[PDB]
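Below: the structure, in structure tokens.
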Amino acid sequence: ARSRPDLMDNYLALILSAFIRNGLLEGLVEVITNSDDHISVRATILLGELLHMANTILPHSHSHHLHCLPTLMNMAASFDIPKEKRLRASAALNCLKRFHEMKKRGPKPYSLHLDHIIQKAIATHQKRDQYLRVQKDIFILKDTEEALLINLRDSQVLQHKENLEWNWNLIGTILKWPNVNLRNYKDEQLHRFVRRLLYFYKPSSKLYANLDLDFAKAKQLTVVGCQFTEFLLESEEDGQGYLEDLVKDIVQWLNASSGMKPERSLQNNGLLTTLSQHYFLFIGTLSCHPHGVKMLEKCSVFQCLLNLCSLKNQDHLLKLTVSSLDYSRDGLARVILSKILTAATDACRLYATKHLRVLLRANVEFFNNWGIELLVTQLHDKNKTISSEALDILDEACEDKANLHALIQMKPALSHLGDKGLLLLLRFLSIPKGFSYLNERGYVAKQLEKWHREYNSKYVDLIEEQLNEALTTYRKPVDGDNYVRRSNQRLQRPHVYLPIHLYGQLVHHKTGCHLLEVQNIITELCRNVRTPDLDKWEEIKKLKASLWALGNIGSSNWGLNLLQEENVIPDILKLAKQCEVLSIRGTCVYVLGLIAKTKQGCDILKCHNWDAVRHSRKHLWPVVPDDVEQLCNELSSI
Amino acid sequence: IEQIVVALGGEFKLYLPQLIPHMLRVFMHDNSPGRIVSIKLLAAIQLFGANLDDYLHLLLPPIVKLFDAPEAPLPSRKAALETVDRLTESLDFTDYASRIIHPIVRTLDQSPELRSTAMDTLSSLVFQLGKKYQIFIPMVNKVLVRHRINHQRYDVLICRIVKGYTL
Amino acid sequence: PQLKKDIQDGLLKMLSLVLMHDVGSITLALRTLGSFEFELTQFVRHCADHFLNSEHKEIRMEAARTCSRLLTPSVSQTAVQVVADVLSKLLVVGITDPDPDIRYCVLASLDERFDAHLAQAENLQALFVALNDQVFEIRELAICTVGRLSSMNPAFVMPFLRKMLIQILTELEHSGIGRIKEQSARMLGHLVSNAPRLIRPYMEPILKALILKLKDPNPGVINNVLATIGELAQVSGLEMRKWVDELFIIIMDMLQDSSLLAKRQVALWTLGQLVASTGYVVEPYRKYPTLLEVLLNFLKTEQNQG
């Protein structure tokens, strides 16, 4: 109830500061201070609680600071960080408000409930997902070693405080690395351990609060947290190992663009010099399509520059529109390159979007603060989409569909690329936004999306050796959408794909999904040319694991029990016929049993397995299987 | 010493390093036949726990001579091989990996009769390392082939890093 | 200097029929191959037989002396994976070897042409586990390796370079035997003249460690602790000025009382490099009236030219 009103008051103050009535809203900064003083500076003289009121005042202040941050920068954020640092270094009651400061960008405050120092590393390890945590485990080990060094510095009180001064001055190179490359993952990992170290040590928590109380680093961390959510759909997303080349490309793009990333610490002072420098540099370096990611900082600070004029960039926008209307023979054009920060002046003249935001914030006031930053960007993109659909090639894309004119022509509408097979071979090879096409077939309009899903099936005919992420996106959309009888038949003629085995093994309740799965394994087990044999063995092992893991599901599983009996009869036939694939399936079943083993029930099955291993087998064929079954026998025995 | 740190808890780091040079002179000379001083000392070492990670380089290097010097008696080196195993589960040894592979080769060359005691020493270390075994794959081809070491569990942890399992 | 191709054709005719088609024939040919630079495709992958599973002494010893010199002509993305494969093959035999001499020989071929190739995630852990050692001279450049790779990839080493320095000062003020002090006085002398870039925001480890540890009753302490003072002002200038009205008092025991003889060639150099580096001028030079003529006996008693 107070998150919408504080955001509406901040928007009204920004609209008053942007208009000519700047003197009627300049005296509200103390009104922005007492709300920060009722939870932090309230326990300076006398401690009182009012714990729920302080928790509600800290969350509304955190939402107002993470919504736009046009009021705290840069004369009020340094005073708010110092008051929080003084409250954290005063006592243990006022130092518990840092978790709401940690829940904005590095949120993991509910991992450990102040118990214990040995369980903090386990909570930091369990804070991940953790599917691919190779570098995350080393980062957690480095954070645990840094916390151990901080604990040794706290236990070295007070004649060996050199390590405490090293932990306090541990942001020297980190402040220089974030101003040139904008990478503070290790600093965010080290700052997340300060909440775990504040459980029973007052001096270590005070040293960790004084070490991260830099006014120059807090604004950089806020800018890094605000810029991390802008690369979700604008730039290309990748892993941690591929982010170094993207950071090097975003940090080194031009010669005139390098004099603004490390400099301009007080960016909220005038907010007009950087825009004028960008407008002067865009007129000189034209007709080249360079700096695709360097204009993201100017686009993110476009709506935050409330201290600018009304028609200051009108001539630059007119020059950009005149240059864009005569450079259609370059062979490389992007409508989202620099037009996102130029068309925002036409929809932000005098309280245009502010009233539409305040009406949506006061109509519901339930969840109008999480996806508001994406909705504002979507509205700014759709405000210029009607002019971009009429100024660009709208009737010439079907006659000049080349490799250079197929940049953003794949997602124009729903019936834009429904039969284009030439662009699909390039979209499957590039895969820049391959996962975004499956969301339109799963969000709404399920009756008119299945043919588009057939286009995804065309992708299943296009790239048989797909990646793991594309296979996961194809398996999630086939399981999340109903009427998947057409998608379950794709495994009838699959070579090595098998995209309907893992999707049908999760939840199967139809007769068509059970009548075809009971015969496909028996058809694949007959072809003993090792192509369909390993796939049928993996499918039988996955079916056995799904039947064994479901301890309570289900009540209407009579057909599932009949399919399991028909597969166990086929498994017995494959064990009586074959020896290598049967041993591989037995080793897989033993591994699936030992992954969740809790009793000695596997040792009783050794007497039934020793009689079956000597019934129908060989001596030379089982030598390769005996080197892998020894670990399964050791896991079943012990 | 061993009654003090078991009743206080995990706060005993403020009086720890004032007795390390008192322990450095223990391993230098011992006129007692049988060396009962190190045997009575390791019973207090086995109850350390996970609070001595800042002074490990002053006690773990000087305990190499106990299983290396030929002057040591036979019951003296039997109780110091699992002493590292008592603190391996509590402590972390991501950086300490080179001194438990090379000295144990020439250790096993001297006393082959203590294989049943020293066979559990590397187990708690390779349980702690995990993905730090693929470098030392021919080391078995250097060591065990020379010494005929066979056990049912040994075919598991060699295979687990090959297939890629984690448990 | 007009027919290099004749020597190259003779080398490719003689060595290829010996290496591809017993003990001394490997050494006397691999020392001939690693003598001068060449223009090297199949000869790099020829080393999959010698130093993998050998039990001799001079096979894994000479494995790094040749391949580090054959890769001297180091944008062409053709043989970069070959250089990475050689860099991965050297680490699996430079660490896993039991002999200390071969482990000393695998560090004598490292150059500055591999700074961008050691920034990969599959190559940092090869040197992350090469810290603890019984051999002392291998650990001398162990801080130099993490100091050279400190400014090259700073975005992934910032918790790492601060947790090796906290274990240093824990054994200075808590030592009781001369062996640990003699090892530490040599270990601390390498970082003050190799990597100044990890020192300039880090006054506090080396400030308090060089105050109380200068009053030790073995001439080796005087010879080796003063090696840190020998480069005390190159790494930082006009910073220690407010606390040096007591450092020039205990030097007379290094000068007079000729009973514990120390290396005065490095001691006078240590007392001399501090003047013109951080700007030490007149203000202590009147507090001693007597040592102005003792140097006249220093310049006439000892006959050392250094």
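FYI, residue positions are counted from 1 along the chain as it appears here.
Yeah, the Cβs are placed from backbone N, Cα and C, and that goes for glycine too.
Shown in sequence order, B:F67, B:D68, B:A118 are the residues of the chain, 6+ apart in sequence, with a C-beta less than 8 angstroms from the C-beta of B:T107 (phosphothreonine). Annotated phosphothreonine per Swiss-Prot: B:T107, in sequence order.
Within 10 Å of the C-beta atom of B:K163 (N6-acetyllysine) sit 9 other C-beta atoms, taking all shown protein chains into account. Mapped onto three states, the DSSP output places B:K163 (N6-acetyllysine) in helix. Swiss-Prot lists B:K163 with the feature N6-acetyllysine.
Only residues 6 or more beyond the boundaries of the repeat 'HEAT 26' (B:14-50), in the same chain, are considered here, and those with a CB under 8 A from a CB of the stretch are 1-2, 5-6, 58-59, 62-63, 65-66, 72-73, 75-76, 79-80, 83, 86-87, 90-91. Per Swiss-Prot, the feature repeat 'HEAT 26' maps to B:14-50.
Here Swiss-Prot flags B:51-89 as repeat 'HEAT 27'. Only residues 6 or more beyond the boundaries of the repeat 'HEAT 27' (B:51-89), in the same chain, are considered here, and those with a CB under 8 A from a CB of the stretch are 10, 12-13, 16-17, 20, 23-24, 27, 33-35, 38-39, 42, 45, 96, 99-100, 103, 107, 110-111, 114, 117-118, 120-121, 123-125, 127-128.
If you look up Swiss-Prot, you'll see B:90-133 marked as repeat 'HEAT 28'. Long-range Cβ contacts of the repeat 'HEAT 28' (B:90-133) within its own chain (Cβ-Cβ under 8 Å, at least 6 residues beyond either end) map to 48-50, 52-53, 56, 60-61, 64, 67-68, 70, 77-78, 81-82, 84, 139, 142-143, 147, 149, 151, 153, 157-158, 161, 166.
According to its DSSP assignment, B:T107 (phosphothreonine) is helical. Broken down by DSSP into helix, strand and coil, the repeat 'HEAT 27' (B:51-89) contains 9 helix, 0 strand, 30 coil.
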